[PDB]
Amino acid sequence: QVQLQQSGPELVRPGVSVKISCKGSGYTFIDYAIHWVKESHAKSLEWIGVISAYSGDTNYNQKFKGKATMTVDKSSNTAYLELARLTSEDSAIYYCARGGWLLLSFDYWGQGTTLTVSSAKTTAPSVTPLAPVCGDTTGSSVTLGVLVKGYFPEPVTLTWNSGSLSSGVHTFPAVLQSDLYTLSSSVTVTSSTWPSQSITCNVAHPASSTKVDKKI
Amino acid sequence: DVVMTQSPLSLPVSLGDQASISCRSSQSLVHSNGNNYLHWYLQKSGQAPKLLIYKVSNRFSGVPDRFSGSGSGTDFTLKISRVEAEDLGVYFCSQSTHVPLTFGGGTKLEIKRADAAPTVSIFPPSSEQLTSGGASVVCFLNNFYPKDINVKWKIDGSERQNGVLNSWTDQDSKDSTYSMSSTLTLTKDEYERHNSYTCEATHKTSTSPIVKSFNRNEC
């Protein structure tokens, strides 16, 4: 089957350079061309250029020239996109696509990459427990939560009672504040079964971390 | 630069139902050899866009028999007869007839269910964060629909607010509702100079705003 094996993901600092690949298989490499697309957190997709076959090489979309540079390697089926003068404004997912003629356009894509451009150092979270709403707000079902604020990089794991409380949980998308991230999750359960001290919040941040209990 | 405008951005459809998406371009996409080089791609959460239709009407390999393609030059429409579970996602369209290529804005197709009012919950600062010196107040407005809501923080009646961090979930797999969290962060200093802290939400399930607040920590 045709397949394009891009290889990412990158976490890098400002003003640096990164070259990211696209390896094609299942087809005659020199009978097509590789296009590259930017997937913004603003989520519309954006074409930056094409190299090989029909072409507007080096890099070539009004926005991206001089910024990105595109190169090839027929001996080992790999394309190369090179971004440099990197900023946070360049954190995105970069796709590589086979540019097909009249059996029209992008018929195969890459998995995407993900590049995170930050100045923040590896920072372990401060996780602290959210106990029952106003304190007088426990009548029929209660909701409790845990704040995981201030860590770098992603991700973080967060469960409630080892994995056994899954119903009614809601964990949020990590949002970014000022170089570091924050996450929250809430569990709602029946009022008669807590304050037993039967609920513990479990957080794991791979650069070494661990879990808090909702007391009384 | 052919701007492709596509509407609607959001389309709540019941499964089983039929849907249609408009895609439109500022310059005719009919090339000198005669073809409209318009295309539709589907990007599912967390996957890479996949082609779904090319030219205007051509289905790609193993695309289910239920998607049509129609158009010419500046107006084009995708239609699906029975919307199915594996069809929720963002549809895109592109034009290859002119360089550079442009992608339309996207149309996220969601499930259409009934109005549900958020359950709102406010939490005071963790007695062990004060010890650090920060003071966050978190507020969850869980399980509501439609997605439109606006949450406001009031400290002692005033809504002076800027230190807010909001986060939102996508449409739940079971009840098809959403959930949001709002966090107003302050310092232990700022925080211990005030009394009440309110959280209030505006959603079409109530003509009165939903309010939640508590009192204390000062002097």
# chains A, B, ... in the order shown; residues from 1 in each chain; ligands from 1

call {"tool": "interface_residues", "arguments": {"of": "chain A", "to": "chain B", "cutoff": "8 Å", "atoms": "only C-alpha atoms", "output": "ChimeraX atom specification"}}
result
/A:44-47,49,61,95,102-112,128-134,143,170,172-175,177,184,186

call {"tool": "write_last_selection", "arguments": {"atoms": "N, CA, C and O atoms", "output": "tab-separated table (two decimals), in the first residue's frame"}}
result
chain	number	residue	atom	x	y	z
A	44	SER	N	-7.16	26.13	10.71
A	44	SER	CA	-7.38	25.99	9.29
A	44	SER	C	-6.03	25.41	8.84
A	44	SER	O	-5.02	25.51	9.58
A	45	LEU	N	-6.07	24.71	7.69
A	45	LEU	CA	-4.90	24.08	7.11
A	45	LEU	C	-4.20	25.08	6.17
A	45	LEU	O	-4.88	25.97	5.64
A	46	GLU	N	-2.85	25.02	5.96
A	46	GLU	CA	-2.15	25.97	5.06
A	46	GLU	C	-1.05	25.37	4.19
A	46	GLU	O	-0.07	24.86	4.72
A	47	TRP	N	-1.08	25.47	2.86
A	47	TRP	CA	-0.04	24.91	1.99
A	47	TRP	C	1.23	25.75	2.05
A	47	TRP	O	1.16	26.98	1.95
A	49	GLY	N	4.37	24.73	0.30
A	49	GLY	CA	5.10	24.62	-0.94
A	49	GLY	C	5.16	23.19	-1.42
A	49	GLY	O	4.61	22.28	-0.78
A	61	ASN	N	5.49	29.56	-0.83
A	61	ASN	CA	4.19	30.13	-0.67
A	61	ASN	C	4.63	31.39	0.02
A	61	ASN	O	5.53	31.42	0.87
A	95	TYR	N	2.27	18.38	8.09
A	95	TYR	CA	1.91	17.24	7.26
A	95	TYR	C	2.68	17.13	5.92
A	95	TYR	O	3.05	18.17	5.30
A	102	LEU	N	-4.50	14.40	-12.24
A	102	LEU	CA	-5.92	14.17	-12.44
A	102	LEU	C	-6.64	13.04	-11.70
A	102	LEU	O	-7.86	13.06	-11.67
A	103	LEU	N	-6.03	12.04	-11.03
A	103	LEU	CA	-6.82	11.23	-10.09
A	103	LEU	C	-6.56	12.09	-8.83
A	103	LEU	O	-5.93	11.69	-7.83
A	104	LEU	N	-7.15	13.31	-9.03
A	104	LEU	CA	-6.96	14.56	-8.31
A	104	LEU	C	-6.51	14.77	-6.84
A	104	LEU	O	-7.16	14.47	-5.84
A	105	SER	N	-5.38	15.47	-6.80
A	105	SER	CA	-4.70	15.98	-5.62
A	105	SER	C	-4.16	15.12	-4.47
A	105	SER	O	-3.45	14.14	-4.72
A	106	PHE	N	-4.34	15.51	-3.18
A	106	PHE	CA	-3.68	14.86	-2.06
A	106	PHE	C	-4.28	13.53	-1.67
A	106	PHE	O	-5.08	13.40	-0.75
A	107	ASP	N	-3.88	12.50	-2.38
A	107	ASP	CA	-4.40	11.18	-2.14
A	107	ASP	C	-3.76	10.42	-0.95
A	107	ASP	O	-4.37	9.47	-0.46
A	108	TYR	N	-2.56	10.79	-0.45
A	108	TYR	CA	-1.94	10.14	0.72
A	108	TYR	C	-1.27	11.22	1.55
A	108	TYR	O	-0.69	12.15	0.98
A	109	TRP	N	-1.36	11.13	2.88
A	109	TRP	CA	-0.79	12.11	3.81
A	109	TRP	C	0.23	11.46	4.76
A	109	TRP	O	0.45	10.24	4.74
A	110	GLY	N	0.87	12.25	5.61
A	110	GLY	CA	1.75	11.71	6.60
A	110	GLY	C	1.03	11.71	7.92
A	110	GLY	O	-0.07	12.22	8.03
A	111	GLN	N	1.61	11.23	9.00
A	111	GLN	CA	0.86	11.18	10.24
A	111	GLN	C	0.76	12.54	10.89
A	111	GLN	O	-0.06	12.73	11.81
A	112	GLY	N	1.58	13.50	10.42
A	112	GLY	CA	1.69	14.81	11.04
A	112	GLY	C	2.88	14.77	11.99
A	112	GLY	O	3.40	13.68	12.26
A	128	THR	N	-3.00	20.29	43.59
A	128	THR	CA	-3.70	20.65	44.81
A	128	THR	C	-5.22	20.35	44.69
A	128	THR	O	-5.81	20.56	43.62
A	129	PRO	N	-5.89	19.85	45.77
A	129	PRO	CA	-7.26	19.28	45.76
A	129	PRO	C	-8.43	20.24	45.91
A	129	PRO	O	-8.49	21.08	46.81
A	130	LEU	N	-9.44	20.02	45.12
A	130	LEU	CA	-10.62	20.84	45.13
A	130	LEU	C	-11.77	20.11	45.83
A	130	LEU	O	-12.37	19.14	45.35
A	131	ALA	N	-12.09	20.67	46.96
A	131	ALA	CA	-13.03	20.12	47.88
A	131	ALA	C	-14.35	20.87	47.91
A	131	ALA	O	-14.39	22.05	47.57
A	132	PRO	N	-15.42	20.23	48.43
A	132	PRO	CA	-16.76	20.29	47.87
A	132	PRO	C	-17.28	21.67	47.81
A	132	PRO	O	-17.56	22.30	48.82
A	133	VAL	N	-17.38	22.10	46.57
A	133	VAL	CA	-17.88	23.44	46.18
A	133	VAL	C	-17.86	24.53	47.28
A	133	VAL	O	-16.77	24.87	47.73
A	134	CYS	N	-18.94	25.11	47.81
A	134	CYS	CA	-18.78	26.13	48.86
A	134	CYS	C	-18.60	25.48	50.28
A	134	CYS	O	-18.34	26.20	51.26
A	143	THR	N	-19.51	17.23	43.55
A	143	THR	CA	-18.43	17.30	42.59
A	143	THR	C	-17.17	17.77	43.35
A	143	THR	O	-17.23	18.60	44.28
A	170	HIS	N	-14.48	14.19	34.28
A	170	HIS	CA	-14.37	15.07	33.13
A	170	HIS	C	-13.00	15.66	33.33
A	170	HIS	O	-12.76	16.25	34.39
A	172	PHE	N	-9.94	18.12	31.71
A	172	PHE	CA	-9.83	19.16	30.72
A	172	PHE	C	-8.58	19.16	29.80
A	172	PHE	O	-7.52	18.63	30.14
A	173	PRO	N	-8.67	19.68	28.58
A	173	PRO	CA	-7.52	20.01	27.74
A	173	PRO	C	-6.51	20.88	28.46
A	173	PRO	O	-6.89	21.95	28.93
A	174	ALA	N	-5.26	20.47	28.61
A	174	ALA	CA	-4.25	21.35	29.21
A	174	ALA	C	-4.16	22.69	28.49
A	174	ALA	O	-4.01	22.72	27.26
A	175	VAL	N	-4.28	23.80	29.21
A	175	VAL	CA	-4.12	25.07	28.56
A	175	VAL	C	-2.80	25.70	29.03
A	175	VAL	O	-2.25	25.31	30.05
A	177	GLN	N	-0.23	28.90	30.13
A	177	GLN	CA	-0.40	30.21	30.74
A	177	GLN	C	0.65	31.25	30.49
A	177	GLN	O	0.37	32.37	30.02
A	184	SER	N	-7.29	20.49	34.87
A	184	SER	CA	-8.27	20.32	35.93
A	184	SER	C	-9.14	19.16	35.57
A	184	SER	O	-9.30	18.88	34.38
A	186	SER	N	-12.83	17.02	37.24
A	186	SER	CA	-13.83	16.97	38.30
A	186	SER	C	-14.55	15.65	38.30
A	186	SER	O	-14.81	15.07	37.23

call {"tool": "residues_around", "arguments": {"residues": "residue A:116", "least_positions_apart": "5", "cutoff": "9 Å", "atoms": "only C-alpha atoms", "output": "number ranges by chain"}}
result
A: 9-13, 88, 90-92

call {"tool": "residues_around", "arguments": {"residues": "stretch 147-154 of chain A", "least_positions_apart": "5", "cutoff": "8 Å", "atoms": "only C-alpha atoms", "output": "list in words"}}
result
residues 120, 121, 122, 123, 124, 125, 126, 127, 128, 129, 130, 179, 180, 181, 182, 183, 184, 185, 203 and 205 of chain A

call {"tool": "closest_residue", "arguments": {"among": "A:68, A:204, A:18, A:79", "to": "residue A:33", "atoms": "only C-alpha atoms"}}
result
A:79

call {"tool": "select_by_dssp", "arguments": {"residues": "stretch 52-190 of chain B", "states": "alpha helix (DSSP H)", "output": "list in words"}}
result
residues 127, 128, 129, 130, 188, 189 and 190 of chain B
